[PDB]
């Protein structure tokens, strides 16, 4: 359901999701750029039907950035991934909890497939820092 887009960037930092793999803490940096294509423009109703017909039927263009190592708040090594979506789509995400969660699920599953990982469903949004890593 993630449609991967190779994008240089940087794009603009957005927010940062803390989860964990079978091997350590993982951070997903949700970023955005105009350069990334938006997904289909669809209404809430249309979207909910698609997810009924096909669980992964709403495809979202996003970059799936290469792993970058970082240190957590207790000085241990961990991985971060930068995932960028379209900037207008980003603004829609900010105004809808279910849409934003859907994107994060699709990103997490995208990274799982690409980097052969398993990620915890129990993630949390980091409240002070929009981005884990440098920029």
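Numbering follows the first chain given and starts at 1.
Averaged over their C-alpha atoms, the temperature factors of 78-86 and 54-62 are higher for 54-62.
Higher mean CA temperature factor, per the PDB entry, when comparing 106-114 with 68-76: 68-76.
Among the modelled residues of its chain, residue 28 has a C-alpha B-factor that falls in the lowest third, as given in the PDB entry.
Sort the modelled residues of the chain by CA B factor and residue 14 lands in the middle third.
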